[PDB]
Each structure stands twice: as structure tokens, then as C-alpha cells.
Amino acid sequence: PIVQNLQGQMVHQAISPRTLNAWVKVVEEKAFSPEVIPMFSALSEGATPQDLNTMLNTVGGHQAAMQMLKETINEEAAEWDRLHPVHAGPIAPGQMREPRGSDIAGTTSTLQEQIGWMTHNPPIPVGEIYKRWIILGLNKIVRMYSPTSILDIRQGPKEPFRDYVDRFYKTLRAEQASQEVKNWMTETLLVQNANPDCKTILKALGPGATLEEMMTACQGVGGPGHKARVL
Amino acid sequence: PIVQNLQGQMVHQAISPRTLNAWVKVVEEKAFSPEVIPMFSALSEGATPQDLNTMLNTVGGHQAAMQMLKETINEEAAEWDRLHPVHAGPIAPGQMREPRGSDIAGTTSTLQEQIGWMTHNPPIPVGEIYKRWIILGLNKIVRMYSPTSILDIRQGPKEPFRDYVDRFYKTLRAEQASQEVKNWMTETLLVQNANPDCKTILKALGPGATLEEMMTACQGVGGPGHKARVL
Amino acid sequence: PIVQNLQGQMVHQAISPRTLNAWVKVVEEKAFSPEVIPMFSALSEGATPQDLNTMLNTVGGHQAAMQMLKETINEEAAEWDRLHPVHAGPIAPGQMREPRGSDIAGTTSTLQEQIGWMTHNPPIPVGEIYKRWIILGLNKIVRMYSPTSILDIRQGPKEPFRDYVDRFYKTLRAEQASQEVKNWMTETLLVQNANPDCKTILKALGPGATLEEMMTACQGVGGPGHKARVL
Amino acid sequence: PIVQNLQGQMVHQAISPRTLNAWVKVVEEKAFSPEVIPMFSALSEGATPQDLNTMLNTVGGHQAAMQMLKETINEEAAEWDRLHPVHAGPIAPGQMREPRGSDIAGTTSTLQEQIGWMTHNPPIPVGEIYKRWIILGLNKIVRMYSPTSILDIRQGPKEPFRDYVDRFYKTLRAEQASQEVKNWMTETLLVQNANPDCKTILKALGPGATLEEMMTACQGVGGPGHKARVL
Amino acid sequence: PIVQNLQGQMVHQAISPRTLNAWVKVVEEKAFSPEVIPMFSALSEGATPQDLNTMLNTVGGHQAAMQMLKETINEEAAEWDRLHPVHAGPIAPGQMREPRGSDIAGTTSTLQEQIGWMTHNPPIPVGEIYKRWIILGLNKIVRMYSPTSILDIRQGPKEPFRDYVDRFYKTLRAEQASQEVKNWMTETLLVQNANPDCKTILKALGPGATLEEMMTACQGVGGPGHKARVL
Amino acid sequence: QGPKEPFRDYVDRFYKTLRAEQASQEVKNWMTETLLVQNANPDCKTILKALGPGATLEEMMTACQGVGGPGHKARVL
């Protein structure tokens, strides 16, 4: 990845072996889990596209989903090529002819070519753009991973409040919805998908109370509430 | 976070993957433990909001607790904007414009501009207030987790003094109240929750005996309040 | 190996000891997997023959595969020497005496003179061609471990679409044949070996379906055709 | 080792503990197995006699075997005073003097002096010969391979082709004979030590077949060779 | 300890937790073995007395030998004081009062004082004198550690040659006597206490020869030797 | 070499098959050195081992004549 600042101009240096192996181990046990999307951003320091392509090409046994992500990245590349300012093709001598949609990715451009417009000309943030296109494909994969749909989720009569809340919040991560819509859904969904025992104390707490306040009261009641022999 | 000073100007540096693994791993083993709250503060050198939001967003199973913490952060941010000193509307020419409560949060703010208000014009301690709000949310989380009260922690007939004192102090970590008030209560609580036979040594020392003095006496009697080594 | 640019002339830095440990460890967990082939190139910091050769010599288990790869390299080196433009007679003093097939290889070359022709004079791709030949040999090695052929990829009466897709993707990584033909083949191969119930729901999608469109349809169906039972 | 050139004259840098750990681990996992020799060579960067001798001295349980290696190093050293130039006795003031066979090792040399003839006046190849002497002695440790011979390797009735190949390549590294002799012998050996069931298809494939061709062909043959019915 | 030279004069910088763990792990799993003496030498980078004393006091459960080691060092410090006393007492102003016999120990000398006489004036390697005494104590300790005397080296009837030669050379690690003595007993002892079957082979090999030849002859024979007699 | 087969019958078999070896002289010399020890029966292999490294056919034949039969049946007690 591109590194170095204090010791002068940026230099692309190789990915550390430990980081590559550590990433593979995370992928084994957190294969399609929503937690991977912020982890990927944190781990991938230095915006070089070749390294990002290398990370997606080194995936093991359960790789299949990653080729859909690559096809999605190509759709975004096609969007850059034709649905954004297209360009003539020929350029006036003295300019590096500027990247095409597929040149953003590893498909038609090499490491030396990409690095050239990242430091020998005013920077083009190709790695940020390529990474953003990867994140857009990752949103689809986490959405498809999801086991049960929100209307088919319901709290059992032998199911605690802790688990019911945990099932909802874990499932909510894969939705890909906006904050305003998520807040609207959350307010009624808790009452709507509840069991009768939980609903008995929840309706008593009722509208107005925020997440923490409802949770504080509900945790105090405990388990699946009424008569669950918790004392 | 933004680092460097001895080497010249400050630069925003991405967090280590080792630090991220250590955070994920302690969350995997000690998920809701009170030991996490001092540990998080010690780990988080440079409280830059974007990086802090990423650490919360990379948490596994207990997403519901994290979202309750996020609502607490929104509640504190809203409180800062409305109830803590207000800042004027139309900013003066050539100034960076002081952030509002919403701008403190990584969720509703962008990095380049955020680095600018934290490095150009006079210091704004946005990281420290954001960290304090996170610590307050963590204090709320240990309260949700706790299954028993400090009045319910009591020594069994065959349970050692060592086992009892450990439970009492582990439980005490999440009891949040005034130190002067806690001290005043504690003298009764230590004798109150001990088993009858083992309570005898605590009673024998009487008024003015501190935990060191009690522990020193407890070296001789040993175990669950045993008959002494020499009769 | 040879790396450094902005901070001065290139220096032949030795490989990390972790790289040696990781190389043995990856072989221990997954010796014949195709995922090792891109991973090997990510650990290459200057493709200098002598240190790249050390990786081949440190393998234990599947020694026969490595020895076969070495036999293949001898043929590729000979192909460069004889089937590609032949090397002329005696040269004058002060020249680097143009590399032949066995000079590119570590077997008849010395490291000091190898570095000399490689980069003391304008760069020559001696390490790059050697690295590329190794990838060609690695393709043969992973291709001899796969039991099932493309016609033997089937779906049972109780096998879900996701497992069938996973087997197809695992097989896709073992292809080693023309990409354009393979893509154009992929369009009809999946529906061919699908059982009537599976085939019937797949037939509804029709010609020219994209990978995302196909996966979206597959995600909806899930099971071994549309409507599960006893599993 | 002594390193640095572009950043100033070379300085002695102590070897990292992880290098010794890798050497000990290799010995722990597979004591005298052939993998140790390139691992030792890989970690012998710089090649200063004192630094190289640390690995020889750090071996635990198997240090008695290393006494023979130490004897071999002294045998090669005795030869440096005999088969190689004997030099002369009176070397006049102002020289670092071309060392004797016994001066190569740390036993008769002081580190400052040893480093002195490696960079103060034109470098002496002390590390090159010392590293080679250790490799030559390690190349005699192959003799210690208890109950291991090519003549004992005969494939059983229910033993797969891959087991036979594994056994053949395991003892192949212990041959210690010339490459031409190995090739001439190899043609007979491959068919000779095979079981009758797998030998039958090798006979059908017949003369003029290379190692790659035979190994590639045998993938589709399966197990100990195609099994018949019990009727 | 004192480290580096590239940035300027050496800096007193504490050891890595990884380095500290390596020392604890080696001592816990290999105790007081002769292999720990070169390991300690390689794990003690930078000759600062305080840090060397700290290494001895940070050892795990088995510290009895460590206390004896410090006691033997204390006697050596007393020997050093009386060995050099000509400069004892008053000196001309501008001299750092110099290290006396007890000041070689980190316990008697303050840290700023240690660093001052190490790094300002022409180097006095006080930590290397302290380490020489530690190595001397370790040399005493291995003799105590040895579970057998050299007079009790013998081979049982079902005991193999590999164990007998290994025991003899392992014992020679702790003998302390000059290398001539070790060579001298090797010439005559081996045929004396070998088991009847092995003893016949050693006797039959007869006068002269070297360990490589003896080892080679012993390897063909195998195990505790053939049961039947020869001539 | 068989159980009751002596060195003379065995060496004759080896030289008979070595006539049709059809390989380089250098390879034949390398094989010649180790084949007699490798293919000898346990009892008769002992003299070949006893002579050890650097042996010549003249020395080996001298030794083989003196040990006789299909090898002496080695004592234990």
C-alpha cells in the first residue's frame, strides 16, 4: 500500500505477511457477517487498488460471493466510463491520457501506471473510489446473507427479551436502509413482533420511552417476564 | 487518530490491525465486563471521532448494547447542543466555525473538516467529550448486564472469605454513586453479607477496622471462617 | 530482495522469518488449494531468483509437486534460450553478457552478477519471467488435486442451490482454460446438470442472466428446488 | 551481521530472537529432516562467524549430534591450511592479515578483528567459507536417518499411489548421489517399486514417459489402482 | 538497555514484552540446561547492569539457582574490589569517581551513574563484566544440574548406541575441563562401557578413525546391535 | 540371494544379468559398489559389511572364499 509522509513523498511498499494471514483467519469465521464492512476499512490502510484486488483474489473455500462483488465493481467501472463524463479518447501531448473506467481496477492498469497519477500529477483518489465500489458490493452480500425476514421474525413464548432484542439488532445490520426509515420501523416493530408475556409489561411502559429507558425497565423485569421463575 | 508533534506537524494515522484484533478478542472473551471500561480508555490514545465510531461499529454479537450506547451518545450530543453553552449562527469571515453537538459525532461528521477544526484554529476538545459520552454509555451497559445486586451477594456456609470478598468487590465495580456515601455504607455491608460463623472475626475486630486489618486477621482463621490453626 | 527508490538506491533486503513460517503453515493447512497461488505473489518484494528458489527448497510434504515444477521451469528456461530469439557469440569488455535460460535461473548464475544485470544497468525482467514461469507450474499442481470434472458437478434431491453454487465456484478456481470460452460456457452449464424441479425454476429466469440476477434468483429459492420438507 | 552502506558505514546489529525460535521450532517439529538446511541458509544473512555459531550452540537435546558437525567444520578448516593456499608467516605492519583455518571461527578470533578484515581493508570471504562448512556438515547429518532406504520402499496392496510417491520422494532427498546417476536410476525405480495393480497401468503407459506425464496420468486412475468386484 | 548508534549516541531503552516473554518461556520450558547459556547471551542485547540484574529477578517459580547465581556474583564483586585498589580514594576533579568492585552490580550503582560512565568517557563495559560473572555462575549451575557423573556413563542390554553417544556428549557439556581432556577420554572410554553387541562393533572397527566414520559404521548396524556373534 | 544360496552361485547370477545392463560405464561402476551388500542374504551379508567401505572385488573374493558355504550359522550362547 501507499505509505510514508514524514520521510518525504509517498512510496508504495509491500503488505505485511501477518496482516494477510490475519485477514484470512477473520474471513474463515466471519465469512459474510456485517461486522466485516467496518473492519475492512480499518485494516486496509493506504489507498492502492492492486492490493485491494489482491485481498479479494486471495479468499479461500467460500469465495463464490466475491465474483458477484467483482461484477458489481465492473458495473460501477462502466458507470465511470459512460454514465459520468466519458472523454474523447485522444489527449493533447504532455498529459498521461487519464484513466478509463476499467483502469481504476486491476483489470487493465498496472501498479506503476496507477502510482503515476497518484504522485507525479495532482492525485486521482483511485484507491478510495475502488474501495467505495467494493463497499457497495459488500452491502449486497451482507443483505443476501440474512436468514429470516423482519415480518417472519417473532418472539417465542419461551424466548427471553435479551435474545429477542439481539435477534432484531443483529438482523437490522444487513437491512441497508436509511436512518430515518430504520428509526420509524424500530418504534413499532418492538411492540408488533413481541410475545404476549413481554407485551404485557411493554404496553405498560408504552409510547414515549426511548431505547435505553425501555431496555432498563425490561432488563429489570427480566427473561420473558411474567412467571418465568427467575428468582 | 491525529498524531505527531516532535517530528513537526500532526498527521492523521490509521489504527493498527493488532489493536483492532485485541479489541475484538477482549469483546469475544469479556463482552460486557466492567474491566472493559478502564481498558477502552487506556487503549484509545487519540480520541478522534471517526476512528472511535469504527471501533464501536466493529463489535460482534452484542450490537443492541452498542446501539443503546449510540442512542446515549445522540442523547448527550443533543444535550450539548441545547443545554451546554450555545454558539452563535452566522460565522465571521476566514474562520472554521465551531462544531455543533451533531458535528461531535462521527456518524454526522466528515474527516478532513474534522481534522481541520482539531488542528487549525484554537483547540476544541471534541475527542474528550465524545470519549466521556462513550464511557457513560459503557457505565449504562454494565447496569443492563448485572444479574444480581450488592445486597444479594452473600457468603454460603462452606464458601471461603476469599471467595466472598472477591464477589463483593467484583459486584461493587458497577454500583455508581458518591464516594463519601459509598464509604459510609460499606462498613455495614461487609459484616451484613458474611456467613454467621465467619462473621465472628469481623465482629471481634470491631470499630476502626479497615479492609487491610480485616484481611490481616483473615490470614490466621482461613477458609469459610474455620476454627483457628491453634485452638 | 532489491527494494528502495525515493530514499536511495535499491538494497537487497532479506525476507521476513514470518514469511518462511507462514509458507510452511499454509502448506500444512491447505497444500493443493488454488488460493495459495495469488498469496505467493503478495509475499514477493523483488523477484530475485536465488531467494525465490529458497521458498521451493523449504517445502516438505508435497515435494514431488515442487520437483515437477522445477522440471517445468527447466523446459521454460530452455524455451526462452532456444525457441525465443537466440543469444549471439562473444561480447566486448564492460558488458553484462546477456542472460540465457540457465543464467536467468539460479542454477548457473551467481547472486552478485545476477543483481548486476538485473538492475546495475537499465532493468531487465529476469526475476519477473522466472516468477511468471513459477505461476504456470503452480497451475499444474493445483489442477492435479481436483477429483471431480465439470460434468461430475451435480445437485442431489436434498442438496440446496447454495451448496451446488459453492461446488461450481470451487471447480471454477481449478479451470485453467480460456476465460472467454469459460464465460460463454457458464451461461448453459449450470442449468444442464440441474434436476427437473431445480431446472424448472431456473428456466423461468431465461437467457443472458447476469451473476447478480442469477444469485438474487438463487437466494430466493434457497433449497433443492422451490419448496423444502424433511431436512 | 554488519549492515548499512547508503546511510553510512556498516555497524554490527544483533540477530533478532525470532530467528533462533524458528531454528529451534524446525528442529522440534522434524529434528534432522532436509527442510532445516535451506532454513539455516535463509536465516544466515551477513554470515559473520560469531553470529552463525549461536545457532549451533543453542540446540538443546540434539547438541551431541552437533559435536560431529563441529568436528566437520574443523576438518574443513584444517583443509583451508592444506588444500587451499597455505600463505606465509611474516606479514609486515599495516595489514589485517589473510586468516588461517583456525582464525575463521570465534574460537581463535576476536569479533573486532573478524569484522576488521570484513570491511577495514578489502573484504576477506570468511563468512562465505564458514557458512559453506556448516552446510557441508549439515549435508552429512542425512546419515542419521534410521531405517530409511530406497530398497525398503515397496508399495502395498491397499496403499494409494500418493503414499508410494510420498515415500519415494521422502527417501529421494537422502540419496546423496550425482544428478545424472539419479536420472538414469529413476526411470527403472518408478515402475519397479509400484504395486502390481498400479504397475499394470504404468506398464501400459510404457517407455518414453516423463515424471510429469506419469503423475498427471495417475490422477484419473485413483487409489491403489482400479478395484474389481468380489464375484 | 543501551541500543543503536545510527541516530547518534546510544540510548537506554527498555526491552520489548516479546523479548521479556522469550526469556521467561525459555527458562520455564528449558530450566537450567547448558542450552540456556547461549540463549541468555543472545537475549541480553545492551550491557546495562540494572537491566541485567532485573532479568535475574523477573524469573518464574524456579529461582533457587538464581539466588545462588547472585550469591556467587557477590563474591566475585568482592574479588574485583581487592584485585583493583590502586586508584581507591580521592581523585582530581572532573572524573566520575569510577566503578569499584561492588559498582559493577546494578544494586550498588544508581542508573544515571551507570549510563554516564558507560557513554561519556572511553567505554568501560561494566554490564559485560557483570554478565561474565553471570556466565561463570551458569557454568557452576550446569555441573549441579547434570543427573550423572562421567564415571557412570554406560549402555544397558536393550539400550541403543544413539542414546549412549548422546549421553556421553551431553555430559561433556557440563565437564568444564579443556577440549583436549574431552578428546582424550573420547579416544579410550567409548569401547569400555558399550553393551557387548555394540562393544564388539566398536572393538572390530579398531584403532584410529574419526567420529563421522564411527557414526557411519554404527548406523548400518542399527539399534542395540545384532543378537548373534560374528567370527 | 536365497537362504541356502552361497556367494558363488549368487555372484554368477549377478554377473549373468549384468551382461545385458546396457548403460554407461560410470553408472555401472556406481551400481557395482553397493549391489552385492544390498542383495545379499542376512547371514552372508555380514562379511561384506565387516570389510566395509573402500572394498575391492579381489579383497571381497578373498574374504568370500574363507567364510565358505551358504554362510556360517552364527552362535548366540
# chains A, B, ... in the order shown; residues from 1 in each chain; ligands from 1

$ calpha_fit_rmsd --fixed "chain C" --moving "chain A"
1.6 Å

$ interface_residues --of "chain A" --to "chain B" --cutoff "8 Å" --atoms "only C-alpha atoms" --output "PyMOL selection string"
chain A and resi 6+19+35-36+38-39+42-43+45+165-166+169-170+211-212+215-216+219

$ write_last_selection --atoms "C-alpha atoms" --output "CSV table (one decimal), in the first residue's frame"
chain,number,residue,atom,x,y,z
A,6,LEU,CA,7.5,12.3,7.4
A,19,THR,CA,-1.8,-8.8,8.0
A,35,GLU,CA,-19.0,-6.6,11.2
A,36,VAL,CA,-16.6,-7.2,8.3
A,38,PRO,CA,-16.1,-1.5,9.0
A,39,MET,CA,-13.2,-4.0,9.7
A,42,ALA,CA,-9.9,-0.1,9.3
A,43,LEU,CA,-7.5,-2.8,8.2
A,45,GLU,CA,-4.6,1.4,5.3
A,165,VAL,CA,-33.6,-7.7,21.1
A,166,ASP,CA,-30.3,-9.4,20.0
A,169,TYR,CA,-30.4,-5.7,16.2
A,170,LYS,CA,-28.1,-8.4,14.5
A,211,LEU,CA,-34.4,2.6,23.8
A,212,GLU,CA,-32.2,2.9,27.0
A,215,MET,CA,-34.3,-1.6,28.0
A,216,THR,CA,-33.6,-0.5,31.6
A,219,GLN,CA,-33.9,-5.9,32.0

$ select_by_dssp --residues "region 4-86 of chain E" --states "alpha helix (DSSP H)" --output "PyMOL selection string"
chain E and resi 17-30+36-43+49-57+64-83

$ residues_around --residues "residue 111 (chain D)" --least-positions-apart "2" --cutoff "12 Å" --atoms "only C-alpha atoms" --output "MDAnalysis selection string"
chainID D and resid 1:2 12 48:51 103:109 113:118

$ write_last_selection --atoms "N, CA, C and O atoms" --output "tab-separated table (two decimals), in the first residue's frame"
chain	number	residue	atom	x	y	z
D	1	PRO	N	24.81	-9.39	12.27
D	1	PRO	CA	25.50	-9.14	10.95
D	1	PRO	C	25.91	-7.69	10.91
D	1	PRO	O	25.37	-6.88	11.66
D	2	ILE	N	26.83	-7.33	9.98
D	2	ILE	CA	27.26	-5.96	9.75
D	2	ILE	C	26.56	-5.42	8.52
D	2	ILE	O	26.72	-5.92	7.41
D	12	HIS	N	27.53	-3.33	13.49
D	12	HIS	CA	27.06	-4.63	13.93
D	12	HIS	C	25.69	-4.53	14.55
D	12	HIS	O	25.44	-3.76	15.48
D	48	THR	N	28.50	-13.54	9.51
D	48	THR	CA	29.61	-13.37	10.44
D	48	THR	C	29.82	-14.61	11.32
D	48	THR	O	28.84	-15.07	11.92
D	49	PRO	N	31.01	-15.21	11.44
D	49	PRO	CA	31.26	-16.41	12.24
D	49	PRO	C	30.66	-16.51	13.63
D	49	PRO	O	30.08	-17.55	13.96
D	50	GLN	N	30.75	-15.46	14.46
D	50	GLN	CA	30.19	-15.43	15.80
D	50	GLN	C	28.67	-15.58	15.83
D	50	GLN	O	28.13	-16.40	16.58
D	51	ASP	N	27.95	-14.82	14.97
D	51	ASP	CA	26.51	-14.85	14.80
D	51	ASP	C	25.99	-16.21	14.33
D	51	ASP	O	25.03	-16.76	14.87
D	103	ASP	N	41.50	-19.30	12.45
D	103	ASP	CA	41.13	-17.90	12.67
D	103	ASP	C	39.73	-17.59	12.15
D	103	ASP	O	39.11	-16.61	12.56
D	104	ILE	N	39.18	-18.43	11.26
D	104	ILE	CA	37.83	-18.27	10.71
D	104	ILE	C	36.76	-18.35	11.79
D	104	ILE	O	35.81	-17.57	11.82
D	105	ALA	N	36.91	-19.29	12.74
D	105	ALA	CA	35.99	-19.48	13.84
D	105	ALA	C	36.24	-18.53	15.01
D	105	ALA	O	37.34	-18.02	15.23
D	106	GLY	N	35.19	-18.28	15.82
D	106	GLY	CA	35.23	-17.42	17.00
D	106	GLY	C	36.16	-17.88	18.11
D	106	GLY	O	36.56	-17.11	18.97
D	107	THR	N	36.55	-19.17	18.07
D	107	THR	CA	37.46	-19.84	18.99
D	107	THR	C	38.85	-19.23	19.04
D	107	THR	O	39.47	-19.12	20.10
D	108	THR	N	39.38	-18.82	17.87
D	108	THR	CA	40.70	-18.22	17.75
D	108	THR	C	40.61	-16.80	17.24
D	108	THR	O	41.63	-16.19	16.92
D	109	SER	N	39.40	-16.21	17.14
D	109	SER	CA	39.26	-14.84	16.66
D	109	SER	C	38.43	-13.96	17.57
D	109	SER	O	37.39	-14.34	18.11
D	113	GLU	N	38.45	-7.76	15.38
D	113	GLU	CA	39.38	-8.18	14.36
D	113	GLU	C	38.73	-8.88	13.18
D	113	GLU	O	39.04	-8.57	12.03
D	114	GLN	N	37.77	-9.79	13.46
D	114	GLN	CA	36.98	-10.52	12.48
D	114	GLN	C	36.18	-9.58	11.59
D	114	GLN	O	36.26	-9.63	10.37
D	115	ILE	N	35.49	-8.58	12.19
D	115	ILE	CA	34.81	-7.51	11.47
D	115	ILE	C	35.79	-6.64	10.69
D	115	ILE	O	35.55	-6.25	9.55
D	116	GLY	N	36.97	-6.35	11.27
D	116	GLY	CA	38.05	-5.59	10.64
D	116	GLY	C	38.51	-6.10	9.31
D	116	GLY	O	38.67	-5.33	8.36
D	117	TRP	N	38.67	-7.43	9.14
D	117	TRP	CA	39.05	-7.99	7.85
D	117	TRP	C	37.84	-8.27	6.95
D	117	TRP	O	37.97	-8.72	5.82
D	118	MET	N	36.64	-7.88	7.40
D	118	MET	CA	35.43	-7.92	6.60
D	118	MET	C	35.06	-6.54	6.07
D	118	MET	O	34.17	-6.43	5.23

$ residues_around --residues "residue 127 (chain A)" --least-positions-apart "2" --cutoff "7 Å" --atoms "only C-alpha atoms" --output "PyMOL selection string"
chain A and resi 47-49+125+129-131

$ residues_around --residues "residue 194 (chain B)" --least-positions-apart "6" --cutoff "10 Å" --atoms "only C-alpha atoms" --output "list in words"
residues 153, 154, 155, 156, 157, 159, 161, 164, 165, 200, 202, 224 and 225 of chain B

$ residues_around --residues "residue 98 (chain A)" --least-positions-apart "6" --cutoff "10 Å" --atoms "only C-alpha atoms" --output "mmCIF file with C-alpha atoms, in the first residue's frame"
data_model
loop_
_atom_site.group_PDB
_atom_site.id
_atom_site.type_symbol
_atom_site.label_atom_id
_atom_site.label_comp_id
_atom_site.auth_asym_id
_atom_site.auth_seq_id
_atom_site.Cartn_x
_atom_site.Cartn_y
_atom_site.Cartn_z
ATOM 1 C CA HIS A 87 -13.927 11.739 -22.585
ATOM 2 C CA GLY A 89 -10.208 9.175 -26.128
ATOM 3 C CA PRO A 90 -7.196 11.027 -27.697
ATOM 4 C CA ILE A 91 -5.320 13.535 -25.460
ATOM 5 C CA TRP A 117 -1.276 9.672 -11.341
ATOM 6 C CA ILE A 124 -6.609 10.992 -8.521
#

$ interface_residues --of "chain F" --to "chain E" --cutoff "10 Å" --atoms "only C-alpha atoms" --output "mmCIF file with C-alpha atoms, in the first residue's frame"
data_model
loop_
_atom_site.group_PDB
_atom_site.id
_atom_site.type_symbol
_atom_site.label_atom_id
_atom_site.label_comp_id
_atom_site.auth_asym_id
_atom_site.auth_seq_id
_atom_site.Cartn_x
_atom_site.Cartn_y
_atom_site.Cartn_z
ATOM 1 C CA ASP F 43 23.945 -64.408 7.082
ATOM 2 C CA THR F 46 27.772 -59.866 7.423
ATOM 3 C CA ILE F 47 31.224 -60.454 5.816
ATOM 4 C CA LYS F 49 29.564 -55.326 5.918
ATOM 5 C CA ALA F 50 32.609 -56.349 8.060
ATOM 6 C CA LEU F 51 35.026 -55.468 5.203
ATOM 7 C CA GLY F 52 33.252 -52.071 4.953
ATOM 8 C CA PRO F 53 33.920 -49.005 2.732
ATOM 9 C CA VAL F 67 33.940 -67.806 5.122
ATOM 10 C CA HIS F 72 28.191 -69.905 8.889
ATOM 11 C CA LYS F 73 25.161 -70.195 11.220
ATOM 12 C CA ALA F 74 26.220 -67.582 13.840
ATOM 13 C CA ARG F 75 26.279 -68.519 17.573
ATOM 14 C CA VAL F 76 24.454 -66.635 20.398
ATOM 15 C CA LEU F 77 25.394 -68.557 23.569
#

$ atom_distance --atom1 "CA of residue 128 (chain A)" --atom2 "CA of residue 73 (chain A)"
13.0 Å
